[PDB]
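Here's the structure we're looking at; comments come further down.
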Number of protein chains: 2
Amino acid sequence: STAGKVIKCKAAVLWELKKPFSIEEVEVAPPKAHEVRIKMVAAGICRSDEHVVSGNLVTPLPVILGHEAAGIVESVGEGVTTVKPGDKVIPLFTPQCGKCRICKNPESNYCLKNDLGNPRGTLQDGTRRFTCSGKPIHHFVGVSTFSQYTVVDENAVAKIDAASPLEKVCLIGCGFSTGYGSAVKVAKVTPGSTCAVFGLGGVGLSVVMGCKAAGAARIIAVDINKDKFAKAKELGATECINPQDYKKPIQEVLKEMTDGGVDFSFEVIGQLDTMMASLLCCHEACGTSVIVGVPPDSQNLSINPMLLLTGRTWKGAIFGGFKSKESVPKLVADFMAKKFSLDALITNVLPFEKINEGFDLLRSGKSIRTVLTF
Amino acid sequence: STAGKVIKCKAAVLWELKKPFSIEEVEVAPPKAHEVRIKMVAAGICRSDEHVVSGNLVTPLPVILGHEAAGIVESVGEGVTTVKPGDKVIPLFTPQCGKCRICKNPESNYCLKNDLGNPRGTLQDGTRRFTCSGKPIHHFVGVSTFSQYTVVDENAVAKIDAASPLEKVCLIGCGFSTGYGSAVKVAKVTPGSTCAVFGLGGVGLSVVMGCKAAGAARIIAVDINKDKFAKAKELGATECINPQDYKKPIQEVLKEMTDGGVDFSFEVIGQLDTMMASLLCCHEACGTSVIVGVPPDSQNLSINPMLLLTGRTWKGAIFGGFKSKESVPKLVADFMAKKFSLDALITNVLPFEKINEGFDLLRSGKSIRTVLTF
Ligand SMILES: NC(=O)c1ccc[n+]([C@@H]2O[C@H](COP(=O)([O-])OP(=O)(O)OC[C@H]3O[C@@H](n4cnc5c(N)ncnc54)[C@H](O)[C@@H]3O)[C@@H](O)[C@H]2O)c1
Ligand SMILES: NC(=O)c1ccc[n+]([C@@H]2O[C@H](COP(=O)([O-])OP(=O)(O)OC[C@H]3O[C@@H](n4cnc5c(N)ncnc54)[C@H](O)[C@@H]3O)[C@@H](O)[C@H]2O)c1
Ligand SMILES: [Zn+2]
Ligand SMILES: [Zn+2]
Ligand SMILES: [Zn+2]
Ligand SMILES: [Zn+2]
């Protein structure tokens with residue numbers, strides 16, 4: 001029907017930095033061997049997408065952004081055995097080939113098939129499936145979900161519960177899993193511990209959720225926008241602090257509130273100064289600090305090695321440390337079992353065609369997650 | 001006898017930086033209620049003592065250095081209950097007050113009573129027990145072991161096996177414990193993993209021993225002094241490489257030898273470039289890098305947060321993460337049960353009077369650990 005044929009649809013293309021997305025008519029090639037073409041149903045707006053627009057996260061242009069989403073399999077290529085047409089799925093910006101050193105290591109998830117580190121803007125075979133007015137369009141982190149139809153590698157697509165509400169579970173595609181996992185899986189927050197969370201957007205709030213789920217005694221939420229505090233409290237924050245209210249640097253305020261520092265700190269903003277503050281705020285002898293935020297391209301931190309010699313542990317992670325393919329289905333299963341809710345994270349719902357308004361909402365600081373419906 | 005009296009004894013005093021130690025008579029005050037005066041038997045020469053001489057590690061002068069040692073208790077304060085005159089003990093440069101947040105924490109060891117962070121060069125009560133030519137002399141990390149007699153706080157001295165050969169077990173006071181601990185307790189090296197060890201001095205070779213004890217499949221010893229290779233191999237290194245032998249950076253040489261990088265890397269030198277090579281040489285997705293070497297004073301590293309974001313863990317530790325007072329006696333009991341050997345680490349034994357000569361040996365790279373006899 002459309003199987004084996006090229007599909008003509010709409011997609012939000014970014015042709016230039018700092019410019020609005022352009023809803024364009026695009027051609028989506030049929031899926032090659034071990035590939036899956038997906039009809040998108042819902043896509044969340046994550047700060048990382050915006051990082052590309054602003055120039056903070058470098059990627060080849062023109063490109064179709066979007067990586068937090070959920071859809072339904074339209075067709076599959078030769079050899080596909082994990083999903084079938086009609087299956088509800090969530091694309092994985094961090095693939096899980098299952099065969100590489102990293103996929104085989106129980107404690108890691110940054111699969112060697114990824115396109116995050118040194119962006120090619122292509123699928124795993126090094127080619128593109130998108131075209132627009134005679135111009136090829138680059139993919140984004142292997143998924144390009146801001147399109148009515150996208151084609152992805154089989155190891156970058158997870159099959160989920162058939163009764164799943166895609167307009168909600170799409171957050172498991174990035175935001176929620178990243179934040180939740182950063183606390184429960186990466187930092188391995190312990191019951192009775194003290195945590196400091198920098199940044200209260202969709203990812204940071206999911207970190208607050210993770211810390212509460214891990215049984216943290218104190219979860220101090222840090223954010224320069226006091227409007228983000230109510231939600232942080234509802235989700236588990238015991239205290240909310242605004243750096244702008246203090247004469248002292250935020251790390252010193254945090255250390256004074258916590259007997260020398262927190263046991264676990266998380267930077268969920270993407271700024272060098274806040275990464276430094278987060279490291280400095282965890283206790284020098286027993287603190288752990290996790291970098292979640294994506295820093296601006298080519299910018300380096302200035303760190304004194306003594307900060308680590310006394311006993312600190314500094315680490316970072318992509319997608320909360322979750323091995324994508326095996327984890328996403330389980331997270332959806334937990335959601336269906338009502339282990340956690342994502343309603344608090346969805347502040348706005350807009351049709352895909354109003355993607356620009358969704359980004360305006362993010363930039364304004366009012367929204368957490370705006371979900372786009374196709 | 002000497003109990004309750006001032007003792008005039010020989011000590012090695014450092015009056016100025018980059019100058020030989022001055023061997024002379026000093027007056028050592030009796031210990032206070034919770035202090036212990038120790039007659040030194042053996043003291044090891046560690047690179048950290050040299051860091052003070054060179055100016056790399058800042059501490060107030062004039063000072064009596066030394067921190068890796070073993071002696072016999074001459075007298076104790078009336079409040080002392082853990083050691084008695086005649087007991088063989090090892091002074092702990094990292095104390096274990098047992099009452100602070102850190103001492104209560106089963107996973108940390110950087111007791112808040114330490115004098116490592118911002119050196120006062122005194123005992124815990126803020127005063128000094130040393131005088132020479134009338135002038136007060138500063139202590140070093142609360143222990144100052146380069147003296148025939150020293151006075152230390154009770155929580156900074158551990159009672160060890162009475163049958164212990166002090167000329168060997170003094171290494172448990174720093175070098176060995178630090179190296180072994182860094183691998184087994186800090187990095188928590190796992191069976192079948194790959195490790196890279198930067199620096200093959202007494203501490204680095206002990207890290208090799210720890211990696212071996214942990215069952216590492218590969219232990220790549222790195223050093224620009226090829227004379228250290230035979231011993232690295234004897235202690236467990238599977239391979240030995242010299243950075244100077246290659247045209248490309250050592251981190252790339254290591255990554256090419258280990259499928260993208262080692263699982264665990266350790267810097268046991270104290271230089272910025274090697275701390276960077278060490279971080280860069282562990283796999284970006286599953287590697288853990290431990291800082292053991294003491295960095296040069298007032299110097300920063302320039303790091304791109306993405307090095308951590310992909311999945312690396314970067315941490316540091318003091319004294320191999322061992323809670324000093326409870327661990328030192330057990331480590332000696334292990335030595336006495338022949339669970340590990342220290343012979344290979346001791347390459348030179350000189351009388352205390354030849355301390356300057358022992359330091360020249362370290363500087364020339366001709367020795368691993370030189371032990372001084374009193
Ligand atoms: N590691 C990953 O795999 C991963 C995954 C998803 C997102 N991210 C990154 O996580 C970060 C957060 O994503 P988000 O979608 O939640 O973004 P967001 O913009 O919705 O949230 C950012 C929050 O940070 C707060 N903030 C900004 N500057 C601050 C400062 N100086 N001090 C304290 N708070 C400040 C903002 O007010 C906002 O509440 C971004 O950098 C994103 O790129 C990383
Ligand atoms: N964390 C701690 O608690 C702790 C404890 C003890 C010692 N230390 C520190 O550990 C480090 C090692 O102590 P040590 O006594 O074993 O010192 P050492 O001088 O005996 O050993 C240093 C080794 O590194 C090698 N080396 C020096 N520069 C190099 C370079 N650029 N590239 C490759 N190899 C190089 C030297 O040849 C030597 O083999 C020192 O910085 C010391 O201050 C720290
Ligand atoms: Zn893989
Ligand atoms: Zn995202
Ligand atoms: Zn030492
Ligand atoms: Zn203590």
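We name chains A, B, ... by the order of the sequence lines, and we start the count at 1 in each one.
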Decide yes or no for A:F352 and A:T373: does some side-chain heavy atom of the first lie under 4.5 Å from some side-chain heavy atom of the second? no

Check whether B:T313 reaches the backbone of A:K315 with its side chain - one donor and one acceptor, N or O, closer than 3.5 Å. no

Heavy atoms, side chains only, cut-off 4.5 Å: are A:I102 and A:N109 in contact? no

If you define the side chain from C-beta out and look only at heavy atoms, does anything of A:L123 sit under 4.5 Å from A:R128? no

How long is the gap from OG on A:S54 to CZ on A:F359, to the nearest 0.5 Å? 10.5 Å

If you count heavy atoms of other groups shown closer than 6.0 angstrom to CG of A:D227, is the number above 12? yes

Keeping the roles fixed (side chain from A:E267, backbone from A:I269), state whether a donor-acceptor pair exists under 3.5 Å. yes

In Å and rounded to the nearest 0.5 Å, what is the CD to CG distance from A:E167 to A:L342? 10.5 Å

Going through the checks in order, is the side chain to side chain contact (heavy atoms under 4.5 Å, CB included) test met by A:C9 and A:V26? CA-CA 6 Å; A:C9 67; A:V26 297; 4.1 Å; yes

Under a 4.5 Å cut-off applied to non-hydrogen side-chain atoms, are A:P95 and A:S324 in contact? no

Taking it one step at a time, do A:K255 and A:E252 satisfy salt bridge (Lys or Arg N to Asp or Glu O under 4.0 Å)? CA-CA 5 Å; A:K255 287 164 59 188; A:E252 299 175 13; over 6 Å; no

Side chain to side chain donor-acceptor pair (under 3.5 Å) between A:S327 and A:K185, intermediate numbers included: CA-CA 11 Å; A:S327 298; A:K185 183 154 255 140; 4.8 Å; no

Just wondering, do A:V208 and A:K233 contact through their side chains at under 4.5 Å, heavy atoms? no

Checking side chain to side chain contact (heavy atoms under 4.5 Å, CB included) for the pair A:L345/A:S206: CA distance, chi angles, key distance, verdict? CA-CA 8 Å; A:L345 303 175; A:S206 301; 3.5 Å; yes

Short side-chain donor-acceptor distance under 3.5 Å, A:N105 and A:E107: no

Any donor-acceptor pair under 3.5 Å linking the side chain of A:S302 with the backbone of B:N300? no

Answer yes or no: is there an ion pair linking A:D343 with A:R369, defined by an N-O contact shorter than 4.0 Å? no

Walk me through it: do A:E256 and A:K248 pass the test salt bridge (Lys or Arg N to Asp or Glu O under 4.0 Å)? CA-CA 11 Å; A:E256 290 180 10; A:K248 282 169 184 156; 3.1 Å; yes

Got a donor-acceptor contact below 3.5 angstrom from the A:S182 side chain to the A:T178 backbone? yes

So which atom in A:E27 and which in A:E25 form the shortest heavy-atom distance, rounded to 0.1 Å? OE2-O, 4.3 Å

Can you check whether A:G121's main-chain N or O pairs, donor with acceptor, with A:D115's side chain at less than 3.5 Å? yes

Heavy-atom check, side chain of A:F266 versus side chain of A:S289, under 4.5 Å: no

Does any donor atom in the side chain of A:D263 or A:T194 lie under 3.5 Å from an acceptor atom in the other side chain? yes

Is there a side-chain contact between A:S147 and A:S144 (heavy atoms, below 4.5 Å)? no

Residue among A:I224, A:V222, A:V292 satisfying side-chain contact (heavy atoms from CB on, under 4.5 Å) with A:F198: A:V222

A:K32/A:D125 ion pair, N-O < 4.0 Å: yes

Using 4.0 Å as the upper bound for N to carboxylate O, is an ion pair formed by A:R129 and A:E35? yes

Side chain to side chain contact (heavy atoms under 4.5 Å, CB included) for A:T145 and A:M40? Distances and angles first, verdict last. CA-CA 7 Å; A:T145 73; A:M40 216 60 46; 4.1 Å; yes

Of all heavy-atom pairs linking A:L116 and A:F93, the shortest is CD1-O, 3.4 Å

Measure from the side-chain N and O atoms of A:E154 to the backbone N and O of A:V157, and report whether any donor-acceptor pair falls under 3.5 Å. no

Looking at every heavy atom in both A:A232 and A:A221, which two are closest together, and how far apart are they? CB-CB, 4.0 Å

Salt bridge present between A:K39 and A:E74 (N-O < 4.0 angstrom): no

Can you check whether A:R37's main-chain N or O pairs, donor with acceptor, with A:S75's side chain at less than 3.5 Å? no

Drop me the distance from A:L205's CG to A:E234's CD, to the nearest 0.5 angstrom. 9.0 Å

Distance from B:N304 atom CG to A:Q299 atom CD, nearest 0.5 Å? 9.5 Å

Measuring only between side-chain heavy atoms, which start at C-beta, is A:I219 closer than 4.5 Å to A:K212? yes

Taking all heavy atoms of A:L61 and all of A:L14, pick out the closest pair and write down the distance. CD2-CD2, 4.1 Å

May I ask you to decide if A:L200's main-chain N or O and A:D223's side chain share a donor-acceptor pair within less than 3.5 Å? yes

Parallel, tilted or perpendicular for A:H139 and A:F130, by the 30°/60° rule? tilted

Rounded to the nearest 0.5 Å, the CG atom of A:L331 sits from the CD1 atom of A:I160 at a distance of 10.5 Å

Assess whether side chain to side chain contact (heavy atoms under 4.5 Å, CB included) is satisfied between A:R47 and A:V203, documenting all intermediate values. CA-CA 9 Å; A:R47 178 60 66 177; A:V203 190; over 6 Å; no

Over 60° means perpendicular and under 30° means parallel, so classify the ring planes of A:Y180 and A:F340, tilted if in between. tilted

Which pair of non-hydrogen atoms, one from A:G365 and one from A:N225, has the smallest distance, and what is that distance? O-ND2, 3.5 Å

Go through it in stages, so that I can follow the logic: the residues are A:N348 and A:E357, the test is side chain to side chain donor-acceptor pair (under 3.5 Å), and I'd like the CA-CA distance, side-chain angles, deciding distance and then a yes or no. CA-CA 10 Å; A:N348 302 81; A:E357 185 184 343; over 6 Å; no

salt_bridge(A:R218, A:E239) N-O dist < 4.0 Å: yes

A:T150 side chain to A:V143 main-chain N or O, any donor-acceptor pair under 3.5 Å? yes

Backbone of A:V262 reached by a side-chain donor or acceptor of A:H283 within 3.5 Å: no

Over all heavy atoms of both residues, which pair between A:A12 and A:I23 is shortest? Give the atoms and the distance, please. CB-CD1, 4.1 Å

Return the NE2 to SG distance between A:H67 and A:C174, rounded to the nearest 0.5 Å. 3.5 Å

